[PDB]
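Listed next as structure tokens is one chain, alone, in the form deposited in one PDB entry.
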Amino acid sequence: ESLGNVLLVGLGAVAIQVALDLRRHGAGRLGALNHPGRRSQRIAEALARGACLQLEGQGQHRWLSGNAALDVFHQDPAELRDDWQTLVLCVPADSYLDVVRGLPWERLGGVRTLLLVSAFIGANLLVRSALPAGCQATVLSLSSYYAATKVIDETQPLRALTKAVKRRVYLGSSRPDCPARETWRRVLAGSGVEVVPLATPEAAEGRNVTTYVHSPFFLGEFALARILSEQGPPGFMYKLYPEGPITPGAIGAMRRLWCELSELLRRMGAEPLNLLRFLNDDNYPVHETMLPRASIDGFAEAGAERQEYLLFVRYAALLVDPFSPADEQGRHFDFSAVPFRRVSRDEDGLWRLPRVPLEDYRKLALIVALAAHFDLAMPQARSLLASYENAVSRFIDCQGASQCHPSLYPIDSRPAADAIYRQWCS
């Protein structure tokens, strides 16, 4: 009714979870669009043999396992007609501009809402800048994807596993006092996530967890050395050095970037967040023994030294899951044993980067270019961008430009940042 017929744009891990939540609520017709490729070919094959979307919850999340039917799947936008009231962008956030430009808007006049499932600062404005003149669609920004979900087996592209669910995410809208926010609150509540509506898109985008966490940890020297490796151990994303990238220097980068992003938010009329309380209360907690409530609530007024200490403790306390059951010797589950994905050759033989860190870099590069329009230099952010750029440049030097996909090459974020700022000022 407020959702009508819903078109999922991108049909990967996020889309399958979102589809299960939409089918619980009642989506009218549910369709999906995914650009041509091996995945789309596999999806069409599975749907044609009668398959449905399948979502399995892992461990304590087993309760939300379910199946969802898809009414239509398109890998060719030419077949789309004006049948859709809601678009849900489940593609990577670094592709939002391309994907919105490529939609056949001449056949989508009935679209009333467009939801960005993993927004970042400026994404709402960027998407609006790409919409056709007079477009009626309200654009909604969800702060972060609300779970951890993976397609287990790429040969069963319609089956996903959700292994964590966040406690709270945030939702803003390009329409003031938007009623679609409540609809989406209900949709995500079905999986146990609390959606907090905020007054502007940028306030919600300022609560994108990966911008704060992936930037300092996965744009630094250790992560890049693992990711750009073909031999040797991949290491682990959330372990301490030398098993993973977390060091006191990375934590200092995290604090300083949070300060920079907070000032940008204030210049865009959004209230910044308390980083420690956000991580602990909205994403995943630790015991009071490790992070006392008074320290969590007081974090924004603590000194820089105390802030870095608390952030380090937070990540050290989650090397194992402190709430998991202990085994016979007293060990808890190794929560930080997610390995780094590394560079790999595509079907044209060209090196490609994994989404961590390519998407992380592209998001932060756009944010820095936007912040320039607000006379903010963002030196810590620029240091992280430079670390990535230098590491990827050395990789190209060693492997040969001939062997590298052009996504590894230098980009220019200034045009998109200019479009965002113009939309802002309009």
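Residue numbers run from 1 along the displayed sequence. The term rigid core refers to the maximal set of C-alpha atoms that superpose within 1.5 Å between the two forms.
Core-aligned Cα RMS comparison in 4 other deposited structures of this protein - stretch that moves more, 223 to 231 or 75 to 83
Greater root mean square C-alpha distance in 4 other deposited structures of this protein: 75 to 83.
Core-aligned Cα RMS comparison in 4 other deposited structures of this protein - stretch that moves more, 195 to 203 or 163 to 171: With the rigid core superposed, the C-alphas that lie farther in 4 other deposited structures of this protein are those of 163 to 171.
- request: Return whichever of 243 to 251 and 319 to 327 has the greater mean Cα B factor according to the PDB record.
  value: So the stretch with the higher mean C-alpha B-factor is 319 to 327.
Hey, which bit's got the bigger mean C-alpha B factor in the entry, 27 to 35 or 392 to 400?
Going by the record's values, the stretch with the higher mean is 27 to 35.
In the PDB entry, which of 292, 197, 285, 176 has its C-alpha at the highest B-factor? Highest CA B-factor of the listed options: 176.
* Asked: From 206, 216, 132, 92, pick the one with the largest CA B-factor in the entry?
  -> Result of the comparison over 206, 216, 132, 92: 132.
### Query
Compared with the other modelled residues in the chain, in which third is the CA B-factor of residue 230?
Residue 230: CA B-factor falls in the highest third of its chain.
Checklist entry - Would the CA B-factor of residue 348 place it in the lowest, middle or highest third of its chain? => result For residue 348, the deposited C-alpha B-factor lands in the highest third.
**Message:** Splitting the chain's C-alpha B-factors into thirds, which one does residue 63 fall into?
**Reply:** As the PDB entry reports it, the C-alpha B-factor of residue 63 lands in the highest third of its chain.
Exercise. Can you work out whether the C-alpha temperature factor of residue 42 puts it in the lowest, middle or highest third of the chain?
Key: It belongs to the middle third of the chain when residues are ordered by C-alpha B-factor.
* **Assigned third (lowest, middle, highest) for the C-alpha B factor of residue 118** => For residue 118, whose C-alpha B-factor we compare with every modelled residue in the chain, the answer is the middle third.
Another form, the form solved in complex with a small molecule, is not on view; read the next lines as being about it.
- prompt: For the chain seen here without its partner, which of 302 to 310, 213 to 221, 266 to 274, 185 to 193 has a heavy atom within 4.5 Å of the small molecule in the deposited bound form?
  reply: Among the listed stretches, the partner-contacting one is 213 to 221.
(message) in the deposited bound form, does residue 168 come within 4.5 Å of the small molecule, counting heavy atoms only?
(response) Contact with the small molecule, no.
(message) residue 335 versus the small molecule, in the deposited bound form: is there a non-hydrogen atom within 4.5 Å?
(response) Residue 335: yes, in contact with the small molecule in the deposited bound form.
*4.5 Å heavy atom contact, residue 163 to the small molecule in the deposited bound form*: Looking in the deposited bound form, residue contacts with the small molecule include residue 163, since a heavy atom lies within 4.5 Å.
Open item on the list: Can you tell me whether residue 238 touches the small molecule? I mean in the deposited bound form, with a 4.5 angstroms heavy atom cut-off.
Closed with: Taking the distances in the deposited bound form, the answer for residue 238 is yes, it comes within 4.5 Å of the small molecule.
So, a 4.5 angstroms cut-off on heavy atom distances: do all three of 227, 351 and 392 pass it with respect to the small molecule in the deposited bound form? Not one of the three qualifies.
Just one of 72, 148, 326, 259 has a heavy atom within 4.5 angstroms of the small molecule in the deposited bound form, so which one?
Selected option: 148.
task = Check each of 314, 159, 255, 112 and return the one that places a heavy atom within 4.5 angstroms of the small molecule in the deposited bound form.
result = Only one option qualifies, and that one is 314.
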